[PDB]
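Heads up, the thing below is written out as structure tokens.
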Amino acid sequence: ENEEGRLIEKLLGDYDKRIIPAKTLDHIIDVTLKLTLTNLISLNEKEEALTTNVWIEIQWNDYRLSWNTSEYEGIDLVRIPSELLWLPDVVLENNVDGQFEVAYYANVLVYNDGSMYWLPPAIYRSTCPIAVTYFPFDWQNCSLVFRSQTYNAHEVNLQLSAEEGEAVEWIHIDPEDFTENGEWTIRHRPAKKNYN
Amino acid sequence: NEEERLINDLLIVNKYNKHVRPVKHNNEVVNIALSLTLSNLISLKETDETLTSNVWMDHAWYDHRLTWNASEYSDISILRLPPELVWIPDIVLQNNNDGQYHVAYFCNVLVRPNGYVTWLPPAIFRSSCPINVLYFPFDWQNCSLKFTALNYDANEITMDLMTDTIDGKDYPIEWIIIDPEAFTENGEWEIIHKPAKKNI
Amino acid sequence: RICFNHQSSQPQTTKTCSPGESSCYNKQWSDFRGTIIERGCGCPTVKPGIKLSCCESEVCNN
Amino acid sequence: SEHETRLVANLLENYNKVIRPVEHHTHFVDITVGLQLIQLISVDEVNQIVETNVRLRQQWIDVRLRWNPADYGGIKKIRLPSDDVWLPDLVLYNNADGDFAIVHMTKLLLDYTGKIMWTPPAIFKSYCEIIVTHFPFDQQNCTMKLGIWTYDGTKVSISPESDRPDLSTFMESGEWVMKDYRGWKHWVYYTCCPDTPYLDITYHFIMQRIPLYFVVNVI
Amino acid sequence: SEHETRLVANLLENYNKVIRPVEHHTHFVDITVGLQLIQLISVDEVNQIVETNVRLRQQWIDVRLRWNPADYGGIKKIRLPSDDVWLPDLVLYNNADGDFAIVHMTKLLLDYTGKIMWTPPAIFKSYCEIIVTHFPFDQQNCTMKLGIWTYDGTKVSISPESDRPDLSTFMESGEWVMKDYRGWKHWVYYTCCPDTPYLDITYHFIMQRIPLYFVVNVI
Amino acid sequence: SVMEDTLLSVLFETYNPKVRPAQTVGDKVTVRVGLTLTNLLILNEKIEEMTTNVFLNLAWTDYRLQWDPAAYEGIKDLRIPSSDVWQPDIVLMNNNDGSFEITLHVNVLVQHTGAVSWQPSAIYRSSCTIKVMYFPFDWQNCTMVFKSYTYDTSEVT
Ligand SMILES: *[C@@H]1O[C@H](CO)[C@@H](O[C@@H]2O[C@H](CO)[C@@H](O[C@@H]3O[C@H](CO[C@H]4O[C@H](CO[C@H]5O[C@H](CO)[C@@H](O)[C@H](O)[C@@H]5O[C@H]5O[C@H](CO)[C@@H](O)[C@H](O)[C@@H]5O)[C@@H](O)[C@H](O[C@H]5O[C@H](CO)[C@@H](O)[C@H](O)[C@@H]5O)[C@@H]4O)[C@@H](O)[C@H](O[C@H]4O[C@H](CO)[C@@H](O)[C@H](O)[C@@H]4O[C@H]4O[C@H](CO)[C@@H](O)[C@H](O)[C@@H]4O)[C@@H]3O)[C@H](O)[C@H]2NC(C)=O)[C@H](O)[C@H]1NC(C)=O
Ligand SMILES: *[C@@H]1O[C@H](CO)[C@@H](O[C@@H]2O[C@H](CO)[C@@H](O[C@@H]3O[C@H](CO[C@H]4O[C@H](CO[C@H]5O[C@H](CO)[C@@H](O)[C@H](O)[C@@H]5O[C@H]5O[C@H](CO)[C@@H](O)[C@H](O)[C@@H]5O)[C@@H](O)[C@H](O[C@H]5O[C@H](CO)[C@@H](O)[C@H](O)[C@@H]5O)[C@@H]4O)[C@@H](O)[C@H](O[C@H]4O[C@H](CO)[C@@H](O)[C@H](O)[C@@H]4O[C@H]4O[C@H](CO)[C@@H](O)[C@H](O)[C@@H]4O)[C@@H]3O)[C@H](O)[C@H]2NC(C)=O)[C@H](O)[C@H]1NC(C)=O
Ligand SMILES: *[C@@H]1O[C@H](CO)[C@@H](O)[C@H](O)[C@H]1NC(C)=O
Ligand SMILES: *[C@@H]1O[C@H](CO)[C@@H](O)[C@H](O)[C@H]1NC(C)=O
């Protein structure tokens, strides 16, 4: 018998995925995201659209999905399909098509303390206006804007990821496995939190 | 609101089944009257041989199970119901070029106390129209939208053309309907004739 | 001629290089999941994101 | 803890999303409509189609969806999915080849008084009379006609939220300049039904073309 | 049919498709993976994308799906739908702009021992680097990296079915010749986790172009 | 009709559309596969594809959908939504996109003997190899392969 069945049927019983997991009234959910570029597919200059394949890593804490390992023989990590849980509604806002969401709804890794690690892959078609003055000797500055589609700053706090104490203020690119585009060379890949 | 009580008596109490024809005996036919309104003509691409059009199909039939007495439920004389709760006639475009046989927006149906049901769903249709090129660029084309009922045979469902009234008299609507005030003409095609026909 | 050929934090293991090889390397890089160390024989060419080291001694690529 | 779970369970227990939010069937529900233009994606002058990225702001009251914060720990707002409650069927009447209604069923905001604010995104593809007499120095007047599809003005009333569309977050185009924009509400009566009005809000946008690509490439 | 009816009702009564098929959480589930190439659809040298028609054969045991043929009139195999049981989340890591996972949920074969054989179809769009130095006399090496997305090699193990893809029913191309093909399984350890391996099978296809169209049309 | 509702409730009381109708363990089901061509749309030569509008004509017997018409006031046939009965997984195996299955899920016609006739419609895109030696004075030989994706010879004939 996979103890994981007992455990998951204990967790998802009496669980409403429509309800934000705010512990108290003025509790903001710290949602930490990080981006990983897999391929730069194209940059259509006639439609001013950037196509990319990204793996976005999203972390947050759900106080309802915590347990004590001694009662479950030491299991400290479990995999639950994303469509059964409460998710922050992190979307790409500057899309040209109507694709706000991710492509593959992967499982979520849930730890005994309520930590949630979700790494869904996505195919996005962003909008970036082209500067044509120097075409074909030009360089372009194209942005990917991520927001919550449902919650405000009194509900969730979007932040960038911090590995080993130092923030990750850049797009992550695997130096060994990354295949260069064919027409475009990536010079800079910064990231920042903005406010309107 | 008394609509909640009416709609619950009609659908839940009376155990309404939406996969059964609206008839008292299995040997009768359901007459469905049909009309078509052209909202706008998008294109007639000569290389693909495809007419693209925006039309609003208009159904009308009778369901003896969707009847009530207005006096006993306040004085409700009209009701709106989602098409996924009542039986609806499935009329499909048979000469489409893509895999779109159905209407695009499944809007509500309206029901009156006698059981008369009306349904006007809008649709975008891409249909096969062979091009006569003999006189291009001074050609005129004859495109057709053929509609069939593939869920029941002619002994169970009868298709007809809808009727109007001028001075107490009935006449059938033998044409496509076009609002003369909200119609923007196409940049390349002007409509000359727009008949309608029930074919056996 | 004798190098370490284990990866990351695996228990230590060695290999004997081909005759005429005198070096030992140590590649380190990070992917989406973590850090990988590749130890072997020789001194190869690496892409401009990898921390490559080479040593001409013996078992000196850890 | 469990206060907002108890609240949503007690609000949707005996709710029916098929009936209009009215106390009596003779009254109507008032819906405040507003349009936010975000980007002008394209203008097809041949097929006569304008493509826009918009948000359709919609406000209305549901007097059965209300609670008392004191009995639910002080909650005054919640986020509910839009498929759980009654929604108005707003359709783009002058649609060309896109979607008539809303298809992104995004969550909505609900206050303890029953006031609802729903703001879903949409790609509008509208039909537009394109005049090409003065191309490439031509001005276009393009409209988006909106209305309730299955209800008349005695059951569901609509009213614009402001006299002019919202262009505060509008992305500059590159081919078109926005000169003026305004929304108007209309009442339409038919001879068959003396006192039944049919309502629609029509937003219009006056767009001037930037004539440089066509001066350098054709003239 | 009657016996099978009763059997399927007794097999899906208390089954949960969310939990892995293992007797103890410390064991892993072994999945024998195999790839059948059926057609080479396209090679985009600009976007660097290869489109193929494949079959993803997958075998594994589910120890909760077993019965005794004597108690069901001698039945030894059935065809359950695939949405009814636990499945492995095999993803194409080097996907470019297609589907990451399987989307055609075809039925699977189940014998009385619990052994499962599922063989769904798929269109693979892989990101393949295109060296163009020798075009139109160029040879390409295109890969297809497959792995379990959310599990490590201690929970879900994969192993190739044969040393090289199955091209027995391969439709000849017209523009490309298959020279060689092989599959390799890799074990990856990270510095953080000393004894947790991450597994992947990578299939490669060495493709030689037929340079007749471009010699007669360009050269 | 009350008698039709009664008949449907009787038929689909324990009916499972997942199980293949084999009255005895070992029996095979006989499926008749026909095709009606409505329009040959295109034979694109740049992708080696052929698009057709067609009706499949399938027929089989389900011993479970039987009844005596005299006990139901003379009802001899029934039009039932296709998703409620068991159907063989007849698909186009040589399609060029990834669309194996049909498009329009019309109702099935079930007779009191258990004879099930299903005539669904589809816009199929099949792959055929083009012989490019006498183009444009060429003739092509394009095929459409139709078999069950799941069941094999030991199960259906
Ligand atoms: C780009 O393209 C655009 C689209 O083509 C184009 O847009 C058009 O712009 C023009 C302006 O330039 C718009 O014209 C305006 O439209 C307004 C709205 O009209 C509708 O509503 C009227 C009001 O209806 C209420 O009141 C009636 C009684 O007065 C009742 O009978 C109604 O039942 C209704 O009552 C309800 O509300 C009452 C008060 O709210 C309330 O008491 C009552 O109980 C109930 O709740 C309708 O009368 C009107 O119907 C008329 O017009 C239609 C055709 O549109 C006819 O078919 C009808 O038969 C009928 O005649 C509409 O349904 C108008 O209000 C506004 O009119 C005022 O201004 C004009 C100027 O010419 C005057 O002639 C008119 O008398 C009005 O006078 C106003 O004067 C000043 C303000 O100027 C003010 O002091 C005074 O009090 C009064 O308000 C005007 O016509 C047009 O609608 C747009 N068309 C669209 C959107 O499609 C745009 O211009 C283009 N841009 C370019 C080219 O640059
Ligand atoms: C077109 O493009 C293609 C893609 O780019 C390209 O494909 C590449 O082809 C080459 C072949 O030409 C492939 O190279 C081979 O890969 C094999 C698999 O490598 C992986 O697995 C190894 C084995 O891992 C097990 O064993 C280890 C100990 O030996 C353990 O530490 C592991 O934990 C693991 O143990 C598990 O399995 C054991 C047995 O199964 C079991 O006992 C144990 O309990 C447990 O279950 C790994 O070692 C290896 O990792 C190495 O490489 C990576 C980088 O790739 C480094 O980061 C690591 O640090 C590490 O060094 C992989 O994960 C190899 O087995 C095979 O090696 C043999 O041959 C090479 C030849 O150079 C020898 O150097 C090597 O010693 C081996 O020799 C033995 O076999 C050969 C015959 O095969 C023979 O000489 C003799 O018998 C000898 O004993 C080889 O390297 C390459 O992987 C492909 N890349 C892909 C698919 O991405 C293709 O070539 C291109 N085509 C063209 C251009 O024409
Ligand atoms: C976890 O459960 C064990 C019983 O198996 C108990 O002894 C221990 O105190 C529990 N831990 C906490 C933090 O409650
Ligand atoms: C409708 O109900 C009223 C109230 O009882 C009754 O007087 C009237 O006769 C009814 N009408 C019909 C047609 O039954």
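Both ligands and their constituent atoms are indexed starting at 1 by order of listing. Below, chains carry the letters A, B, ... as their sequence lines are ordered, and counting in each starts from 1.
- Put simply, atom 93 (O) of ligand 1 has protein non-hydrogen atoms near it, under 4.0 Å away.
- Using a 4.0 angstrom heavy-atom cutoff, D/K185 counts as in contact with ligand 1.
- With ligand atoms numbered from 1 in the order given, ligand 2 contributes 33 (O) to contacts under 4.0 Å with heavy atoms of E/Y189.
- If you check the side chains of A/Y72 and A/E4, you find no donor sitting under 3.5 Å from an acceptor.
- Using a 4.0 Å threshold on non-hydrogen atoms, atom 9 (O) of ligand 2 counts as touching the protein.
- Of all the heavy atoms of E/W187, the ones lying under 4.0 Å from any atom of ligand 2 are found in both the backbone and the side chain.
- For atom 12 (C) of ligand 3, the nearest protein heavy atom lies under 4.0 Å away.
- At a distance under 4.0 Å, a protein heavy atom can be found next to atom 103 (C) of ligand 1.
- Ring pair E/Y190/E/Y198 is perpendicular by interplanar angle, where above 60° counts as perpendicular and below 30° as parallel.
- Per-atom contact check: atom 33 (O) of ligand 1 touches the protein, criterion being a heavy-atom distance below 4.0 Å.
- Here the shortest heavy-atom pairing between D/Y203 and D/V33 reads OH-O, 3.5 Å.
- Counting protein heavy atoms under 4.0 angstrom from atom 36 (C) of ligand 2 gives one or more.
- Of the protein's heavy atoms, D/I206 CD1, 4.0 Å lies nearest to atom 105 (O) of ligand 1.
- For atom 2 (O) of ligand 3, the nearest non-hydrogen atom of the protein is A/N68 ND2, 2.3 Å.
- The protein does not reach atom 77 (C) of ligand 1 closely, with no heavy atom under 4.0 angstrom from it.
- Nearest to atom 59 (O) of ligand 2 among the protein's heavy atoms is C/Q7 OE1, 3.3 Å.
- Under the 4.0 Å distance rule, the nearest protein heavy atom to atom 57 (O) of ligand 2 falls inside the cut-off.
- At least one protein heavy atom sits closer than 4.0 Å to atom 99 (C) of ligand 1.
- Using a 4.0 Å threshold on non-hydrogen atoms, atom 44 (O) of ligand 2 does not count as touching the protein.
- For atom 47 (C) of ligand 1, no protein non-hydrogen atom is found at a distance below 4.0 Å.
- When only modelled atom types and interatomic distance are considered, C/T35 and C/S30 share a side-chain donor-acceptor pair under 3.5 Å.
- Distance check for atom 9 (O) of ligand 3: every protein heavy atom is found at 4.0 Å or beyond.
- In this structure, atom 14 (O) of ligand 1 has its sub-4.0 angstrom surroundings free of protein heavy atoms.
- Salt-bridge check for D/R55 with D/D166: failed, with every basic side-chain N at 4.0 Å or more from each acidic carboxylate O.
- Checked by atom type, the side-chain pair C/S22/C/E56 shows a donor-acceptor distance below 3.5 Å.
- For A/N68, the CG atom sits in a packed shell: over 12 heavy atoms of surrounding residues, nucleotides or ligands are nearer than 6.0 Å.
- Of all the atoms in ligand 3, the ones that sit under 4.0 Å from a non-hydrogen atom of A/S70 are 1 (C), 2 (O), 3 (C), 5 (O).
- For atom 7 (O) of ligand 1, the closest non-hydrogen atom on the protein side is D/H204 ND1, 3.9 Å.
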Notebook entry, point to check: So C/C54 and C/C24, disulfide bond (SG atoms under 2.5 Å apart) or not? Walk me through it.
Noted result: CA-CA 6 Å; C/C54 289; C/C24 292; over 6 Å; no
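- Polar contact with ligand 2: absent for E/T143 (N/O pair, distance under 3.5 Å).
- Less than 4.0 angstrom separates atom 81 (C) of ligand 2 from none of the non-hydrogen atoms of the protein.
- C/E21 and C/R1 are not joined by a salt bridge, as no carboxylate oxygen comes within less than 4.0 angstrom of a charged side-chain nitrogen.
- With salt bridges taken as basic N to acidic carboxylate O contacts below 4.0 Å, one links E/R209 and E/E45.
- Classification of C/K47 and A/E176 as a salt-bridged pair fails, no side-chain N sitting under 4.0 Å from a carboxylate O.
- Taking the ring axis of E/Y181 as reference, the NZ or CZ atom of E/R164 stays within 45° of it and closer than 6.0 Å to the ring centre.
- Within the 4.0 Å cut-off (strictly below), a protein heavy atom is located near atom 18 (C) of ligand 2.
- Side-chain contact annotation: D/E51 with D/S42, donor-acceptor N/O pair under 3.5 Å present.
- Here the closest non-hydrogen pair linking D/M178 and D/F170 is CG-CE2, 3.9 Å.
- Among protein heavy atoms, the minimum distance from atom 16 (O) of ligand 1 is reached at D/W184 CE3, 4.0 Å.
- Note that atom 5 (O) of ligand 3 has protein non-hydrogen atoms nearby, at separations under 4.0 angstrom.
- For atom 86 (C) of ligand 1, the nearest protein heavy atom lies 4.0 Å or farther away.
- Nearest non-hydrogen protein atom to atom 54 (C) of ligand 2 is C/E38 OE2, 4.6 Å.
- At a distance under 4.0 Å, no protein heavy atom can be found next to atom 65 (O) of ligand 2.
- For E/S173 against E/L40, the heavy-atom pair with the smallest separation is OG-CD2, 4.2 Å.
- Remark: atom 51 (C) of ligand 2 lies closer than 4.0 Å to no protein heavy atom.
- Side-chain atoms of C/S53 and C/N26 include no donor-acceptor pair closer than 3.5 Å.
- Nearest protein heavy-atom neighbour of atom 3 (C) of ligand 2: E/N141 ND2, 3.6 Å.
- Ranking protein heavy atoms by distance to atom 96 (C) of ligand 2, first place goes to E/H186 NE2, 3.2 Å.
- Shown here is A/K10, whose NZ atom has no more than 12 heavy atoms of other residues, nucleotides or ligands within 6.0 Å.
- SG atoms of C/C41 and C/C17 are separated by less than 2.5 angstrom, consistent with a disulfide link.
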